[PDB]
Amino acid sequence: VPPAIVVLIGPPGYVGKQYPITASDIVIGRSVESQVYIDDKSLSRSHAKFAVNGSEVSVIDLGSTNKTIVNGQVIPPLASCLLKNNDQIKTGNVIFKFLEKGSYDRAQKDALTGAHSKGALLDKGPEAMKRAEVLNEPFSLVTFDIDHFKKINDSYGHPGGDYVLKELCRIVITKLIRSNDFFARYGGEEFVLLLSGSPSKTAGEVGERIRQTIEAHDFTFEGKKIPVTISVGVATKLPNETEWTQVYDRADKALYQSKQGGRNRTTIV
Amino acid sequence: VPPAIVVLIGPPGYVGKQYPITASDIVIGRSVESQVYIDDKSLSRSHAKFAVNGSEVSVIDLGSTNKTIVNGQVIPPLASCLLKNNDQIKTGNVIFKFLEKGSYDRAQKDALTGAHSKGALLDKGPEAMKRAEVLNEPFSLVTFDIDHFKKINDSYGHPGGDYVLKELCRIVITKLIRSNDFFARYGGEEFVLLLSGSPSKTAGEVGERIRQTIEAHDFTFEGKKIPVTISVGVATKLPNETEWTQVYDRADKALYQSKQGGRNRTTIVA
Ligand SMILES: Nc1nc2c(ncn2[C@@H]2O[C@@H]3COP(=O)(O)O[C@H]4[C@@H](O)[C@H](n5cnc6c(=O)[nH]c(N)nc65)O[C@@H]4COP(=O)(O)O[C@H]3[C@H]2O)c(=O)[nH]1
Ligand SMILES: Nc1nc2c(ncn2[C@@H]2O[C@@H]3COP(=O)(O)O[C@H]4[C@@H](O)[C@H](n5cnc6c(=O)[nH]c(N)nc65)O[C@@H]4COP(=O)(O)O[C@H]3[C@H]2O)c(=O)[nH]1
Ligand SMILES: [Cl-]
Ligand SMILES: [Cl-]
Ligand SMILES: [Cl-]
Ligand SMILES: [Cl-]
Ligand SMILES: [Cl-]
């Protein structure tokens, strides 16, 4: 069973895709002739190639603009770097893992990535921080809180508030955000949306779209209409931040500025 | 002062032209995106490229039909040759000299509208087909044109029609499609939108979003309202299709059905 590379980060549709490295002169590139064809402008048309010498697989940079980087080390043009199991190869904004031994429908593809927020927030946070750092790509976090949630629980019981939390999560994930966006509950009454690739301005606009849609949605629990609004806070990862909760903390401070300004609104910074 | 290649023989206008080899990823080819773009049919679209490792400059053949030949020796596909002063590099019928010391816009965007050009679309189409095939993912195409465009030009002048094309494309590009969705002018007042990974249902929704937004938008040309609508045709790549123009042809048939069905509508090819 031949060695392979698996896409860790790449354009939509590519993550989890495996390419067997069966021979020398297999090329990673954005040219259609590439055996490892990745439709991404950060790759050169012919970016890097493989050399196979029995069991030894090496990668060679082909004079790429955005470099070939193995485990964080730049490989100079035409130099050959011997690969071993679990090495990471970064070519532009695409990152592969090398497997000494390599391993389909609509549900199987969505399982592959954990689309529509299957994952855990405590896993996804660190993933987003690592991605932002390795790609030098903006990462924004939007936090939301239900206004007057204690009043909802007092008036309709804890099961009423539970219904609202569960229903709000359902609507956001299934109707309002992209399948590769990550949305989760965090603590008692808060929600976190991770937007890898989104700068502050964009994150604010997404947060506001969600705020207005939730405001307009009819929450009916056991035949009774519950008024629901949310307050919103937005932050974008800074260079000095190393834990995702640091981004959350600033987003949460923005949220409570939104709440102390009259609630049912969005604040950025 | 960087190394360069100088054209010794080539098409008229090229001889004596020097191309600095200032970094890696400089490609010789007949594709417009090539840094060393030579308009000669004997060159491959991407023929050869350079690799720079400090003061060492090498050339790499990219599987070219007519070969990359350095001082009479053929360089096999994907192999490199370290260059030295006065080496001659022959790529098809064009010959360069390498000099250890030597002495335009590639965006492919329409001047009026800022959409991608027809030439860009002609390159992007094969890429979209390859992506659909390797990912086993739907590919959809939406095509449209402005209804009664001749009447707009007659009534408001050619600058009025120009305003409409430019404004319509501003709305589409900046408000209605994703930044990685590919939108191009395809002759005249026809436009093509490529939707990677999008089934028919999605493509129809995008087509309708565009049609409805344009219908409702105020095209105000020197204080006066121009009524603007578009007719839309939509198709989705079928399993047996191998060229993007096959998908285009079916979308264009749907567009003509839109025109014959009253205009200002979307038709999804049945
Ligand atoms: N206002 C706004 N809402 C957004 C945006 N991005 C995502 N959403 C919302 O989030 C829903 C799901 O997004 P999706 O998973 O990417 O799933 C989408 C996506 O795969 C596709 N799609 C829709 N519009 C476009 C488009 O313009 N370009 C491309 N490439 N795909 C689109 O169709 C799916 C369903 O689309 P919708 O029914 O509209 O359902 C959208 C839409 O309600 C945005 O940029 N602006
Ligand atoms: N990760 C993430 N980002 C979001 C989302 N919603 C909005 N955005 C981001 O916010 C930008 C502007 O959103 P827009 O005003 O709705 O303006 C959008 C919208 O009018 C339209 N559109 C694009 N995708 C969709 C979609 O899935 N559904 C609908 N109904 N419209 C879409 O095309 C415009 C430009 O789209 P983009 O270039 O992608 O630019 C988007 C995109 O970067 C979201 O749910 N998830
Ligand atoms: Cl390139
Ligand atoms: Cl290249
Ligand atoms: Cl973390
Ligand atoms: Cl060619
Ligand atoms: Cl017409």
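Below, read A as the first sequence line, B as the second, and so on, with proteins coming before strands; counting in each chain starts at 1. FYI, side chains are in, hydrogens and waters are out, and symmetry mates aren't considered; it's all heavy atoms of this structure.
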Query raised in the report: Looking at side-chain heavy atoms only, is the closest gap between A/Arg178 and B/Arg178 below 4.5 Å?
Result: yes
Report task. List the atom of B/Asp25, the atom of A/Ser44, and the distance in Å for their closest heavy-atom pair. Result -> OD2-OG, 2.5 Å
Query - B/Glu56 versus chain A, the contacting section by heavy-atom distance below 4.5 Å - result: neither
Query raised in the report: Can you check whether A/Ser31's main-chain N or O pairs, donor with acceptor, with B/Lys130's side chain at less than 3.5 Å?
Result: no
Query raised in the report: In Å and rounded to the nearest 0.5 Å, what is the SG to CG distance from B/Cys81 to A/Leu78?
Result: 11.0 Å
Query raised in the report: Side chain, backbone, both or neither: which part of B/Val52 has a non-hydrogen atom closer than 4.5 Å to chain A?
Result: backbone
**Report entry** Contact origin within B/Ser34 toward chain A - heavy atom pairs under 4.5 Å
**Finding:** both
Query raised in the report: Is the backbone of A/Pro77 close enough, under 3.5 Å, to the side chain of B/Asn53 for a donor and an acceptor to pair up by distance?
Result: yes
Report summary line: Whatever's closer than 4.5 Å to a heavy atom in chain A on B/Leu62 counts as side chain
Query raised in the report: Between the main-chain N or O of A/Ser46 and the side-chain N or O of B/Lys49, is there a donor-acceptor pair closer than 3.5 Å?
Result: yes
Query - B/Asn180 atom CG, over 12 foreign heavy atoms within 6.0 Å - result: no
**Report entry** Crowding at NZ, B/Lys124 (>12 non-hydrogen neighbours, <6.0 Å)
**Finding:** yes
Query raised in the report: Who among B/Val27, B/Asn136, B/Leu135 has the most heavy-atom pairs with chain A under 4.5 Å?
Result: B/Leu135
Query raised in the report: Is the number of heavy atoms from other residues, nucleotides or ligands within 6.0 Å of CG (A/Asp105) greater than 12?
Result: yes
**Report entry** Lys/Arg N to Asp/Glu carboxylate O, B/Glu137 vs A/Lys17, below 4.0 Å
**Finding:** no
Requested in this report: Look up atom CD1 in A/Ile38 and atom CZ in B/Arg131, then write down how far apart they are to the nearest 0.5 Å.
Outcome: 9.5 Å
Query raised in the report: Judged by atom type as modelled, is there a donor-acceptor pair below 3.5 Å linking the side chain of A/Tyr37 to the main-chain atoms of B/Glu127?
Result: yes
